[PDB]
């Protein structure tokens, strides 16, 4: 029921808060398969872009298609964005070496990315021992939000200056897939801007 989810939760949740969490996105079996697909690429070789239709990246493609389907079902009711495209999936490994990520904005200079979309692959993850908590600071709010990189969790937020985020140090290696959805007008203007100067 993606139509229920998008329209009843994601959209109003995003328009009010700029951040939306969807736990238990694909289920245990589906998630661990995506987890296993990532672990395979890490070890063998076969921060890298995955198109979605490679050998050993099928369930990654399902995730992406699922991700996409939810975006479709929002019916262009996320802000006033015309999402007509996205990046490839960034499959990254995040070491457990007690280093955290400095507070940043994902899209600071209007390159076209309007929505950050992140899926976490950390089974039985316990931030109380392992760390790696995401702190987001909604630009014009009295509160900030700590968010665990929990298994089978899907996280949406505005990529722009509204959501600066840092990640606390972790003491165990982490896996997450990230996708950025483009606004049509914004992405168009950035392309011409680059070429025109």
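Under this definition, the rigid core comprises the largest set of C-alpha atoms superposing within 1.5 Å between the forms. Numbering follows the first chain given and starts at 1.
RMS Cα deviation from the shown model in 5 other deposited structures of this protein, rigid core fit, is larger for 73 to 81 than for the other stretch of the pair 73 to 81 / 115 to 123.
Each structure in 5 other deposited structures of this protein is fitted to the shown form on the rigid core, and of 164 to 172 and 151 to 159 the C-alphas lie farther away on average for 164 to 172.
Where residue 128 is followed by residue 129 in the displayed chain, the model omits none of the deposited residues that would sit between the two. Relative to its counterpart among 111 to 119 and 73 to 81, 73 to 81 has the higher mean temperature factor, C-alpha atoms as listed in the PDB entry. Relative to its counterpart among 168 to 176 and 47 to 55, 47 to 55 has the higher mean temperature factor, C-alpha atoms as listed in the PDB entry. The entry lists a Cα temperature factor for residue 147 that places it in the lowest third of the chain's modelled residues. Sorting the modelled residues of the chain by their CA temperature factor places residue 132 in the lowest third. Placement of the Cα temperature factor of residue 141 within the chain: middle third of the modelled residues, per the deposited record.
Compared with the other modelled residues of the chain, the Cα B-factor recorded for residue 64 ranks in the middle third.
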